[PDB]
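Trainee: Supplied structure: protein-v2.pdb, PDB, C-alpha atoms.
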```pdb
ATOM      1  CA  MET A   1      59.509 -30.769  72.133
ATOM      2  CA  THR A   2      58.501 -34.452  72.504
ATOM      3  CA  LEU A   3      56.330 -36.364  70.086
ATOM      4  CA  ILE A   4      54.259 -38.873  72.056
ATOM      5  CA  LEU A   5      52.737 -42.184  70.955
ATOM      6  CA  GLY A   6      49.673 -43.513  72.749
ATOM      7  CA  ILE A   7      48.615 -47.129  72.220
ATOM      8  CA  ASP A   8      45.225 -48.695  73.004
ATOM      9  CA  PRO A   9      45.770 -52.457  72.594
ATOM     10  CA  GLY A  10      42.987 -54.870  71.802
ATOM     11  CA  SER A  11      42.350 -58.473  70.881
ATOM     12  CA  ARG A  12      41.083 -57.431  67.437
ATOM     13  CA  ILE A  13      41.939 -53.696  67.117
ATOM     14  CA  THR A  14      44.902 -51.717  68.487
ATOM     15  CA  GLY A  15      44.394 -47.968  68.325
ATOM     16  CA  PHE A  16      47.319 -45.574  68.030
ATOM     17  CA  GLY A  17      47.667 -41.819  68.371
ATOM     18  CA  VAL A  18      50.682 -39.534  67.920
ATOM     19  CA  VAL A  19      50.632 -36.001  69.355
ATOM     20  CA  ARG A  20      53.291 -33.279  69.449
ATOM     21  CA  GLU A  21      53.715 -31.109  72.525
ATOM     22  CA  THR A  22      53.702 -27.396  71.776
ATOM     23  CA  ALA A  23      54.007 -24.435  74.098
ATOM     24  CA  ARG A  24      50.304 -23.889  73.346
ATOM     25  CA  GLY A  25      49.460 -27.524  74.123
ATOM     26  CA  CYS A  26      49.364 -30.466  71.734
ATOM     27  CA  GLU A  27      49.040 -30.840  67.984
ATOM     28  CA  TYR A  28      47.611 -33.874  66.223
ATOM     29  CA  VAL A  29      50.220 -35.829  64.258
ATOM     30  CA  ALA A  30      48.532 -39.138  63.383
ATOM     31  CA  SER A  31      46.040 -41.715  64.609
ATOM     32  CA  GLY A  32      44.334 -44.846  63.386
ATOM     33  CA  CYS A  33      43.571 -48.513  64.010
ATOM     34  CA  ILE A  34      45.641 -51.634  63.471
ATOM     35  CA  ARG A  35      43.050 -54.314  62.684
ATOM     36  CA  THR A  36      43.922 -57.909  63.578
ATOM     37  CA  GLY A  37      40.659 -59.817  63.221
ATOM     38  CA  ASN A  38      41.684 -62.436  60.658
ATOM     39  CA  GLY A  39      44.489 -64.938  60.245
ATOM     40  CA  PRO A  40      46.695 -67.085  62.463
ATOM     41  CA  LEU A  41      47.201 -65.622  65.928
ATOM     42  CA  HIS A  42      50.923 -65.182  65.299
ATOM     43  CA  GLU A  43      50.376 -63.208  62.076
ATOM     44  CA  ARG A  44      48.010 -60.919  63.997
ATOM     45  CA  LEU A  45      50.625 -60.297  66.680
ATOM     46  CA  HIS A  46      53.385 -59.619  64.170
ATOM     47  CA  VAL A  47      51.227 -57.062  62.322
ATOM     48  CA  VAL A  48      50.806 -55.202  65.628
ATOM     49  CA  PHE A  49      54.568 -55.266  66.219
ATOM     50  CA  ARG A  50      55.415 -54.205  62.644
ATOM     51  CA  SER A  51      52.702 -51.530  62.460
ATOM     52  CA  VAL A  52      53.733 -49.878  65.731
ATOM     53  CA  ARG A  53      57.352 -49.830  64.556
ATOM     54  CA  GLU A  54      56.298 -48.227  61.268
ATOM     55  CA  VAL A  55      54.217 -45.553  63.018
ATOM     56  CA  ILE A  56      57.285 -44.799  65.162
ATOM     57  CA  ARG A  57      59.695 -44.680  62.216
ATOM     58  CA  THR A  58      57.338 -42.471  60.195
ATOM     59  CA  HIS A  59      56.523 -39.896  62.872
ATOM     60  CA  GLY A  60      59.458 -40.091  65.314
ATOM     61  CA  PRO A  61      57.817 -40.216  68.767
ATOM     62  CA  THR A  62      60.367 -40.754  71.529
ATOM     63  CA  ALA A  63      57.823 -41.482  74.285
ATOM     64  CA  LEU A  64      55.260 -44.275  74.567
ATOM     65  CA  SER A  65      52.204 -43.740  76.752
ATOM     66  CA  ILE A  66      50.058 -46.767  77.628
ATOM     67  CA  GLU A  67      47.053 -47.420  79.841
ATOM     68  CA  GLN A  68      47.213 -49.784  82.796
ATOM     69  CA  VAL A  69      44.843 -52.720  82.350
ATOM     70  CA  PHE A  70      42.572 -52.898  85.377
ATOM     71  CA  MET A  71      39.608 -55.257  84.845
ATOM     72  CA  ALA A  72      39.474 -57.242  81.628
ATOM     73  CA  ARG A  73      36.096 -58.781  80.993
ATOM     74  CA  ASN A  74      37.303 -62.381  81.346
ATOM     75  CA  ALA A  75      40.488 -64.441  81.219
ATOM     76  CA  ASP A  76      40.174 -65.070  77.480
ATOM     77  CA  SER A  77      39.944 -61.335  76.729
ATOM     78  CA  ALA A  78      42.855 -60.638  79.097
ATOM     79  CA  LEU A  79      45.035 -63.194  77.308
ATOM     80  CA  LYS A  80      44.370 -61.879  73.796
ATOM     81  CA  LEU A  81      44.636 -58.270  74.981
ATOM     82  CA  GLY A  82      47.880 -59.049  76.788
ATOM     83  CA  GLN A  83      49.446 -60.617  73.719
ATOM     84  CA  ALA A  84      48.706 -57.505  71.648
ATOM     85  CA  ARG A  85      49.876 -55.209  74.454
ATOM     86  CA  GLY A  86      53.148 -57.107  74.767
ATOM     87  CA  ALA A  87      53.713 -57.056  71.012
ATOM     88  CA  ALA A  88      53.121 -53.298  70.898
ATOM     89  CA  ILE A  89      55.311 -52.551  73.931
ATOM     90  CA  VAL A  90      58.401 -54.427  72.713
ATOM     91  CA  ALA A  91      58.049 -52.717  69.307
ATOM     92  CA  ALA A  92      58.179 -49.340  71.051
ATOM     93  CA  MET A  93      61.188 -50.420  73.127
ATOM     94  CA  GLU A  94      63.073 -51.782  70.112
ATOM     95  CA  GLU A  95      62.859 -48.237  68.704
ATOM     96  CA  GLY A  96      64.183 -46.868  72.001
ATOM     97  CA  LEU A  97      61.064 -45.121  73.280
ATOM     98  CA  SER A  98      60.623 -44.440  76.949
ATOM     99  CA  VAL A  99      57.446 -45.953  78.415
ATOM    100  CA  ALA A 100      54.969 -44.409  80.875
ATOM    101  CA  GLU A 101      51.927 -46.219  82.263
ATOM    102  CA  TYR A 102      48.770 -44.444  83.432
ATOM    103  CA  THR A 103      45.547 -45.826  84.877
ATOM    104  CA  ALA A 104      42.273 -45.210  83.053
ATOM    105  CA  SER A 105      41.477 -42.704  85.796
ATOM    106  CA  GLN A 106      44.661 -40.697  85.260
ATOM    107  CA  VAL A 107      43.942 -40.583  81.516
ATOM    108  CA  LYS A 108      40.424 -39.249  82.014
ATOM    109  CA  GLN A 109      41.563 -36.754  84.675
ATOM    110  CA  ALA A 110      44.179 -35.204  82.387
ATOM    111  CA  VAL A 111      41.995 -35.089  79.286
ATOM    112  CA  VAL A 112      38.510 -34.367  80.669
ATOM    113  CA  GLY A 113      39.332 -33.184  84.193
ATOM    114  CA  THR A 114      37.733 -35.934  86.269
ATOM    115  CA  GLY A 115      38.524 -39.618  86.643
ATOM    116  CA  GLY A 116      34.926 -40.737  86.129
ATOM    117  CA  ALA A 117      34.317 -39.182  82.709
ATOM    118  CA  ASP A 118      32.410 -41.326  80.218
ATOM    119  CA  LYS A 119      33.441 -42.155  76.654
ATOM    120  CA  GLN A 120      31.572 -39.263  75.031
ATOM    121  CA  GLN A 121      33.324 -36.674  77.214
ATOM    122  CA  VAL A 122      36.697 -38.256  76.380
ATOM    123  CA  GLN A 123      36.112 -38.289  72.616
ATOM    124  CA  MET A 124      34.817 -34.706  72.631
ATOM    125  CA  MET A 125      37.719 -33.400  74.722
ATOM    126  CA  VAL A 126      40.186 -35.218  72.456
ATOM    127  CA  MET A 127      38.672 -33.406  69.481
ATOM    128  CA  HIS A 128      38.601 -30.133  71.431
ATOM    129  CA  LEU A 129      42.226 -30.275  72.613
ATOM    130  CA  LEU A 130      43.509 -31.395  69.207
ATOM    131  CA  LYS A 131      41.127 -29.157  67.181
ATOM    132  CA  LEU A 132      39.683 -32.030  65.167
ATOM    133  CA  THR A 133      36.562 -31.748  63.018
ATOM    134  CA  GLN A 134      36.319 -35.470  62.250
ATOM    135  CA  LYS A 135      35.149 -37.809  65.028
ATOM    136  CA  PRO A 136      37.958 -40.388  65.228
ATOM    137  CA  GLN A 137      37.227 -44.061  65.663
ATOM    138  CA  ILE A 138      36.962 -44.989  69.331
ATOM    139  CA  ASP A 139      40.228 -46.956  69.427
ATOM    140  CA  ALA A 140      42.148 -44.103  67.793
ATOM    141  CA  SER A 141      40.441 -41.605  70.096
ATOM    142  CA  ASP A 142      41.325 -43.612  73.218
ATOM    143  CA  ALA A 143      44.910 -43.882  72.017
ATOM    144  CA  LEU A 144      45.004 -40.114  71.511
ATOM    145  CA  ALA A 145      43.626 -39.649  75.037
ATOM    146  CA  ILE A 146      46.381 -41.878  76.441
ATOM    147  CA  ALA A 147      49.035 -39.910  74.516
ATOM    148  CA  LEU A 148      47.642 -36.593  75.752
ATOM    149  CA  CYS A 149      47.724 -37.918  79.308
ATOM    150  CA  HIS A 150      51.527 -38.146  79.099
ATOM    151  CA  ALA A 151      51.944 -34.654  77.565
ATOM    152  CA  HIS A 152      53.374 -31.851  79.726
ATOM    153  CA  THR A 153      54.354 -34.075  82.651
TER     154      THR A 153
ATOM    155  CA  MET B   1      66.957 -81.706  59.190
ATOM    156  CA  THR B   2      65.483 -78.719  61.056
ATOM    157  CA  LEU B   3      66.515 -76.797  64.139
ATOM    158  CA  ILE B   4      63.351 -76.248  66.171
ATOM    159  CA  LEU B   5      62.714 -73.722  68.952
ATOM    160  CA  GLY B   6      60.098 -74.503  71.599
ATOM    161  CA  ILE B   7      58.963 -71.754  73.979
ATOM    162  CA  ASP B   8      57.147 -71.994  77.347
ATOM    163  CA  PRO B   9      56.153 -68.389  78.095
ATOM    164  CA  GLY B  10      55.640 -66.891  81.512
ATOM    165  CA  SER B  11      55.459 -63.538  83.277
ATOM    166  CA  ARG B  12      58.316 -64.566  85.574
ATOM    167  CA  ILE B  13      60.004 -67.396  83.632
ATOM    168  CA  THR B  14      59.979 -68.261  79.937
ATOM    169  CA  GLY B  15      61.395 -71.683  79.157
ATOM    170  CA  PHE B  16      63.126 -72.269  75.832
ATOM    171  CA  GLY B  17      64.351 -75.440  74.189
ATOM    172  CA  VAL B  18      66.097 -76.001  70.856
ATOM    173  CA  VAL B  19      66.296 -79.427  69.207
ATOM    174  CA  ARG B  20      67.690 -80.597  65.868
ATOM    175  CA  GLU B  21      65.691 -82.914  63.630
ATOM    176  CA  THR B  22      68.026 -85.747  62.716
ATOM    177  CA  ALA B  23      67.040 -88.700  60.562
ATOM    178  CA  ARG B  24      67.557 -90.899  63.667
ATOM    179  CA  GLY B  25      65.199 -88.762  65.765
ATOM    180  CA  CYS B  26      66.079 -85.568  67.601
ATOM    181  CA  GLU B  27      69.285 -84.158  69.046
ATOM    182  CA  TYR B  28      69.552 -81.807  72.017
ATOM    183  CA  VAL B  29      70.921 -78.344  71.242
ATOM    184  CA  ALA B  30      70.017 -75.947  74.056
ATOM    185  CA  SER B  31      67.460 -75.137  76.738
ATOM    186  CA  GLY B  32      67.121 -72.943  79.790
ATOM    187  CA  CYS B  33      65.147 -70.232  81.553
ATOM    188  CA  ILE B  34      64.615 -66.574  80.742
ATOM    189  CA  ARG B  35      64.122 -64.894  84.122
ATOM    190  CA  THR B  36      62.183 -61.604  84.174
ATOM    191  CA  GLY B  37      61.194 -61.134  87.815
ATOM    192  CA  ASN B  38      62.185 -57.693  89.073
ATOM    193  CA  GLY B  39      61.637 -54.450  87.217
ATOM    194  CA  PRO B  40      58.880 -52.564  85.444
ATOM    195  CA  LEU B  41      56.743 -54.678  83.130
ATOM    196  CA  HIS B  42      58.008 -53.159  79.901
ATOM    197  CA  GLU B  43      61.617 -53.886  80.857
ATOM    198  CA  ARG B  44      60.535 -57.462  81.638
ATOM    199  CA  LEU B  45      58.794 -57.846  78.283
ATOM    200  CA  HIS B  46      61.789 -56.428  76.455
ATOM    201  CA  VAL B  47      64.083 -58.942  78.184
ATOM    202  CA  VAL B  48      61.853 -61.754  76.863
ATOM    203  CA  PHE B  49      61.913 -60.327  73.320
ATOM    204  CA  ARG B  50      65.680 -59.750  73.305
ATOM    205  CA  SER B  51      66.532 -63.045  75.023
ATOM    206  CA  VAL B  52      64.383 -65.078  72.614
ATOM    207  CA  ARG B  53      66.001 -63.283  69.661
ATOM    208  CA  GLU B  54      69.430 -64.026  71.161
ATOM    209  CA  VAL B  55      68.618 -67.735  71.473
ATOM    210  CA  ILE B  56      67.565 -67.746  67.802
ATOM    211  CA  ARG B  57      70.644 -65.900  66.547
ATOM    212  CA  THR B  58      72.893 -68.163  68.610
ATOM    213  CA  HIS B  59      71.490 -71.584  67.735
ATOM    214  CA  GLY B  60      69.822 -70.917  64.371
ATOM    215  CA  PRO B  61      66.362 -72.541  64.727
ATOM    216  CA  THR B  62      64.127 -71.852  61.732
ATOM    217  CA  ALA B  63      60.868 -73.055  63.299
ATOM    218  CA  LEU B  64      58.963 -71.945  66.383
ATOM    219  CA  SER B  65      56.750 -74.403  68.226
ATOM    220  CA  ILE B  66      54.386 -73.096  70.898
ATOM    221  CA  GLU B  67      51.631 -74.525  73.048
ATOM    222  CA  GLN B  68      48.045 -73.338  72.758
ATOM    223  CA  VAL B  69      46.593 -71.716  75.886
ATOM    224  CA  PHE B  70      43.230 -73.365  76.549
ATOM    225  CA  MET B  71      42.412 -72.421  80.166
ATOM    226  CA  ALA B  72      44.487 -69.855  82.000
ATOM    227  CA  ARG B  73      44.373 -70.163  85.755
ATOM    228  CA  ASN B  74      42.554 -66.821  86.076
ATOM    229  CA  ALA B  75      42.387 -63.390  84.435
ATOM    230  CA  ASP B  76      45.287 -61.796  86.358
ATOM    231  CA  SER B  77      47.366 -64.809  85.301
ATOM    232  CA  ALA B  78      46.152 -64.671  81.682
ATOM    233  CA  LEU B  79      47.060 -60.997  81.268
ATOM    234  CA  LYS B  80      50.664 -61.459  82.388
ATOM    235  CA  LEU B  81      51.069 -64.716  80.450
ATOM    236  CA  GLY B  82      49.749 -63.185  77.223
ATOM    237  CA  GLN B  83      52.140 -60.245  77.464
ATOM    238  CA  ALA B  84      55.169 -62.533  77.761
ATOM    239  CA  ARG B  85      53.712 -64.803  75.072
ATOM    240  CA  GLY B  86      53.285 -61.948  72.581
ATOM    241  CA  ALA B  87      56.796 -60.639  73.267
ATOM    242  CA  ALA B  88      58.257 -64.090  72.594
ATOM    243  CA  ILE B  89      56.267 -64.811  69.446
ATOM    244  CA  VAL B  90      57.028 -61.518  67.685
ATOM    245  CA  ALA B  91      60.744 -61.929  68.481
ATOM    246  CA  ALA B  92      60.622 -65.329  66.790
ATOM    247  CA  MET B  93      58.861 -63.902  63.757
ATOM    248  CA  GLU B  94      61.189 -60.914  63.427
ATOM    249  CA  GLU B  95      63.882 -63.555  62.922
ATOM    250  CA  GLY B  96      61.764 -65.196  60.191
ATOM    251  CA  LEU B  97      60.820 -68.401  61.994
ATOM    252  CA  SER B  98      57.761 -70.304  60.947
ATOM    253  CA  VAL B  99      55.278 -70.826  63.783
ATOM    254  CA  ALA B 100      53.304 -73.967  64.654
ATOM    255  CA  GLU B 101      50.860 -74.192  67.552
ATOM    256  CA  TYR B 102      49.916 -77.459  69.259
ATOM    257  CA  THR B 103      47.492 -78.214  72.061
ATOM    258  CA  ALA B 104      48.734 -79.484  75.420
ATOM    259  CA  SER B 105      47.309 -82.859  74.468
ATOM    260  CA  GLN B 106      49.107 -83.028  71.108
ATOM    261  CA  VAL B 107      52.367 -82.182  72.875
ATOM    262  CA  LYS B 108      51.896 -85.027  75.342
ATOM    263  CA  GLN B 109      50.763 -87.483  72.634
ATOM    264  CA  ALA B 110      53.924 -86.885  70.587
ATOM    265  CA  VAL B 111      56.312 -87.086  73.544
ATOM    266  CA  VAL B 112      54.890 -89.635  76.015
ATOM    267  CA  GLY B 113      52.459 -91.364  73.666
ATOM    268  CA  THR B 114      49.177 -90.267  75.257
ATOM    269  CA  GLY B 115      47.388 -86.960  75.694
ATOM    270  CA  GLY B 116      46.836 -87.184  79.448
ATOM    271  CA  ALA B 117      50.406 -87.800  80.647
ATOM    272  CA  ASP B 118      51.358 -86.010  83.841
ATOM    273  CA  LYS B 119      54.285 -83.641  84.363
ATOM    274  CA  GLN B 120      56.383 -86.563  85.651
ATOM    275  CA  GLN B 121      56.109 -88.753  82.567
ATOM    276  CA  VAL B 122      56.713 -85.786  80.235
ATOM    277  CA  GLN B 123      59.932 -84.721  81.949
ATOM    278  CA  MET B 124      61.254 -88.306  81.882
ATOM    279  CA  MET B 125      60.434 -88.810  78.204
ATOM    280  CA  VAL B 126      62.087 -85.465  77.419
ATOM    281  CA  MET B 127      65.217 -86.767  79.147
ATOM    282  CA  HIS B 128      64.911 -90.166  77.454
ATOM    283  CA  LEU B 129      64.386 -88.874  73.897
ATOM    284  CA  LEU B 130      67.181 -86.297  74.175
ATOM    285  CA  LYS B 131      69.520 -88.557  76.212
ATOM    286  CA  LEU B 132      69.852 -85.946  78.946
ATOM    287  CA  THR B 133      71.612 -86.834  82.166
ATOM    288  CA  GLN B 134      70.347 -83.886  84.252
ATOM    289  CA  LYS B 135      66.758 -82.961  85.035
ATOM    290  CA  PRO B 136      66.059 -79.707  83.181
ATOM    291  CA  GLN B 137      64.188 -77.011  85.009
ATOM    292  CA  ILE B 138      60.450 -77.516  84.499
ATOM    293  CA  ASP B 139      59.985 -74.573  82.146
ATOM    294  CA  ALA B 140      62.957 -75.831  80.119
ATOM    295  CA  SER B 141      61.599 -79.364  79.716
ATOM    296  CA  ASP B 142      58.105 -78.123  78.822
ATOM    297  CA  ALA B 143      59.808 -76.000  76.178
ATOM    298  CA  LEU B 144      61.761 -79.038  74.974
ATOM    299  CA  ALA B 145      58.550 -81.084  74.972
ATOM    300  CA  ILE B 146      56.872 -78.437  72.838
ATOM    301  CA  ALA B 147      59.839 -78.471  70.444
ATOM    302  CA  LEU B 148      59.875 -82.272  70.218
ATOM    303  CA  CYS B 149      56.175 -82.181  69.306
ATOM    304  CA  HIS B 150      56.929 -80.240  66.136
ATOM    305  CA  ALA B 151      59.729 -82.601  65.022
ATOM    306  CA  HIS B 152      59.045 -84.400  61.681
ATOM    307  CA  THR B 153      55.353 -83.479  62.015
TER     308      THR B 153
END
```
Starting from the coordinates I provided, produce the structure as structure tokens.
Mentor:
Amino acid sequence: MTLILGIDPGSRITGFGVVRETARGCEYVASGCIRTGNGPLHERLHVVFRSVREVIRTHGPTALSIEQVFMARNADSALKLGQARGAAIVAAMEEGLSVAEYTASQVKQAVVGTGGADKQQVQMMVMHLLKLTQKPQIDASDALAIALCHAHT
Amino acid sequence: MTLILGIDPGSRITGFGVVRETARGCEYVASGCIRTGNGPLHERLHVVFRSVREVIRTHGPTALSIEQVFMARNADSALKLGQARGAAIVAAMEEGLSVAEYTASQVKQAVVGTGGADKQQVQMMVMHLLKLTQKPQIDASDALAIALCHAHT
């Protein structure tokens, strides 16, 4: 019942996490990082688009969960972040996924239990809820957190 | 001879312009506005993606020309502009277009003859070089300007 893709866009790294809702909770399906540090800006964007599509086609999530951007650090970061976010969103929508947006506070409330949880609490609760031994990279962990936020709504 | 697509992205309005490289200069093919005002963001980004792809399938440009963002007006502005910009660029590349980026000053040098031309001179030289009778909407003529910049160069 519902496989969910969470995306954590970034200027240089876009994290992704796929989880499967179970009656018991959520099972880990996949996670990782799409790295876009090198090359022409347009090649970086198209890798994000193509990689998100291929994650979707491989694992069959029907729901995209993303995090509302609140405060970017500056206008340059916001622009690069936005370009990667847009490229990831239209890739999800080309595959026909629904799209839900949650603030950072909603994500932390659903995963940790309080909107002011720090990064360590989030990463630990992501590994607790998904029964992971291996500490995932922070972008993949955030993306998993965002996916879990959408689960069982 | 090349058919060239120029794109002027925007959260609310994305201008497009298509020109054809002739040996005598450049011929007008199409231009207009992609309006994404009302609706959730992801539906707005998907309109941009699908509309840009539709322009490309209709008029057959094989090259994308886009303008570099140097200074966004602010970080709220930059975020929304980057999202539209990423949606438009990955649409172009899914269709297999090459991509060329020029600075605002290169665009004005190629079209008006000098890098500091104002919006008035640019719109008139767009109409002069393409023998247009009607003033295009501003986003359309910027898009045409950006397309003209790539021609022959």
Trainee: Could you check the closest approach to chain B for each of A:39, A:82, A:32, A:17 and tell me which residue wins, using all atoms listed in the file?
Mentor: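 Once distances to chain B are computed over all atoms listed in the file, the minimum belongs to A:82.
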Trainee: Check the smallest atom-to-atom distance from each of B:29, B:78, B:64, B:88 to residue 48 (chain B) using all atoms listed in the file, then report the winner.
Mentor: B:88
Trainee: With a distance cut-off of 10 Å and only C-alpha atoms, select the neighbouring residues of residue 44 (chain A), excluding the residue or stretch itself and same-chain residues fewer than 2 positions from it, and output the selection as a PyMOL selection string.
Mentor: (chain A and resi 11-13+34-42+46-49+83-84+87) or (chain B and resi 90)
Trainee: Suppose a student applies the PyMOL selection byres ((chain B and resi 97-107) around 10) to this structure; what residues should they get, written as a ChimeraX atom specification?
Mentor: /A:40-43 /B:4-6,56,60-70,89-96,108-117,122,142,145-150
Trainee: As an exercise, work out the distance from CA of residue 125 (chain A) to CA of residue 21 (chain A) in Å and give it to one decimal place.
Mentor: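 Rounded to one decimal, the two atoms are 16.3 Å apart.
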Trainee: Interatomic distance between CA of residue 3 (chain A) and CA of residue 81 (chain A)?
Mentor: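 Straight-line distance from CA of residue 3 (chain A) to CA of residue 81 (chain A) works out to 25.3 Å.
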Trainee: Work out how far CA of residue 45 (chain B) is from CA of residue 73 (chain A), in Å to one decimal.
Mentor: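 Going from CA of residue 73 (chain A) over to CA of residue 45 (chain B) covers 22.9 Å.
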Trainee: Find, counting only C-alpha atoms, the residue in B:126, B:151, B:55, B:23 that gets nearest to residue 7 (chain B).
Mentor: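 Comparing B:126, B:151, B:55, B:23 against residue 7 (chain B), the winner is B:55.
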Trainee: Expanded to explicit residues, what is the PyMOL selection byres ((chain A and resi 31) around 9) for this file, as a PDB file with C-alpha atoms, in the frame of the given file?
Mentor:
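Output file out_13.pdb follows:
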```pdb
ATOM      1  CA  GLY A  15      44.394 -47.968  68.325  1.00  0.00           C
ATOM      2  CA  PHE A  16      47.319 -45.574  68.030  1.00  0.00           C
ATOM      3  CA  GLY A  17      47.667 -41.819  68.371  1.00  0.00           C
ATOM      4  CA  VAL A  18      50.682 -39.534  67.920  1.00  0.00           C
ATOM      5  CA  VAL A  19      50.632 -36.001  69.355  1.00  0.00           C
ATOM      6  CA  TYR A  28      47.611 -33.874  66.223  1.00  0.00           C
ATOM      7  CA  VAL A  29      50.220 -35.829  64.258  1.00  0.00           C
ATOM      8  CA  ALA A  30      48.532 -39.138  63.383  1.00  0.00           C
ATOM      9  CA  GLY A  32      44.334 -44.846  63.386  1.00  0.00           C
ATOM     10  CA  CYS A  33      43.571 -48.513  64.010  1.00  0.00           C
ATOM     11  CA  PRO A 136      37.958 -40.388  65.228  1.00  0.00           C
ATOM     12  CA  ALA A 140      42.148 -44.103  67.793  1.00  0.00           C
ATOM     13  CA  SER A 141      40.441 -41.605  70.096  1.00  0.00           C
ATOM     14  CA  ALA A 143      44.910 -43.882  72.017  1.00  0.00           C
ATOM     15  CA  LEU A 144      45.004 -40.114  71.511  1.00  0.00           C
TER      16      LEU A 144
END
```
Trainee: Which residue is closest to chain A? Choose from B:77, B:153, B:51, B:14 and count all atoms listed in the file.
Mentor: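 When distances to chain A are compared using all atoms listed in the file, the smallest one comes from B:77.
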Trainee: Please complete region 79-90 of chain B with N, CA, C and O atoms and give it back as an mmCIF file, in the frame of the given file.
Mentor:
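Dumped everything to out.cif:
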```
data_model
loop_
_atom_site.group_PDB
_atom_site.id
_atom_site.type_symbol
_atom_site.label_atom_id
_atom_site.label_comp_id
_atom_site.auth_asym_id
_atom_site.auth_seq_id
_atom_site.Cartn_x
_atom_site.Cartn_y
_atom_site.Cartn_z
ATOM 1 N N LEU B 79 46.519 -62.261 81.750
ATOM 2 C CA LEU B 79 47.060 -60.997 81.268
ATOM 3 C C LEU B 79 48.579 -61.037 81.228
ATOM 4 O O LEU B 79 49.193 -60.691 80.217
ATOM 5 N N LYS B 80 49.205 -61.465 82.324
ATOM 6 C CA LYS B 80 50.664 -61.459 82.388
ATOM 7 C C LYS B 80 51.265 -62.528 81.484
ATOM 8 O O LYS B 80 52.338 -62.323 80.905
ATOM 9 N N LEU B 81 50.592 -63.677 81.353
ATOM 10 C CA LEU B 81 51.069 -64.716 80.450
ATOM 11 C C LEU B 81 50.979 -64.274 78.990
ATOM 12 O O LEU B 81 51.898 -64.530 78.197
ATOM 13 N N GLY B 82 49.875 -63.621 78.604
ATOM 14 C CA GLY B 82 49.749 -63.185 77.223
ATOM 15 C C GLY B 82 50.797 -62.155 76.835
ATOM 16 O O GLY B 82 51.320 -62.169 75.719
ATOM 17 N N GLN B 83 51.128 -61.254 77.755
ATOM 18 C CA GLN B 83 52.140 -60.245 77.464
ATOM 19 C C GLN B 83 53.494 -60.891 77.181
ATOM 20 O O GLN B 83 54.154 -60.556 76.196
ATOM 21 N N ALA B 84 53.920 -61.829 78.028
ATOM 22 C CA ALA B 84 55.169 -62.533 77.761
ATOM 23 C C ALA B 84 55.069 -63.330 76.470
ATOM 24 O O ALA B 84 56.004 -63.347 75.656
ATOM 25 N N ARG B 85 53.924 -63.978 76.257
ATOM 26 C CA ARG B 85 53.712 -64.803 75.072
ATOM 27 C C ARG B 85 53.805 -63.976 73.786
ATOM 28 O O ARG B 85 54.447 -64.394 72.811
ATOM 29 N N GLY B 86 53.192 -62.789 73.766
ATOM 30 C CA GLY B 86 53.285 -61.948 72.581
ATOM 31 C C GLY B 86 54.694 -61.444 72.333
ATOM 32 O O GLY B 86 55.155 -61.407 71.192
ATOM 33 N N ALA B 87 55.405 -61.072 73.401
ATOM 34 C CA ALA B 87 56.796 -60.639 73.267
ATOM 35 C C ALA B 87 57.674 -61.744 72.679
ATOM 36 O O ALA B 87 58.550 -61.482 71.847
ATOM 37 N N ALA B 88 57.440 -62.990 73.084
ATOM 38 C CA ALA B 88 58.257 -64.090 72.594
ATOM 39 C C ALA B 88 57.916 -64.441 71.150
ATOM 40 O O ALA B 88 58.806 -64.749 70.345
ATOM 41 N N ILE B 89 56.637 -64.386 70.787
ATOM 42 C CA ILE B 89 56.267 -64.811 69.446
ATOM 43 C C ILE B 89 56.753 -63.806 68.407
ATOM 44 O O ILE B 89 57.229 -64.192 67.331
ATOM 45 N N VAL B 90 56.650 -62.503 68.701
ATOM 46 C CA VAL B 90 57.028 -61.518 67.685
ATOM 47 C C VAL B 90 58.545 -61.477 67.534
ATOM 48 O O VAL B 90 59.052 -61.234 66.431
#
```
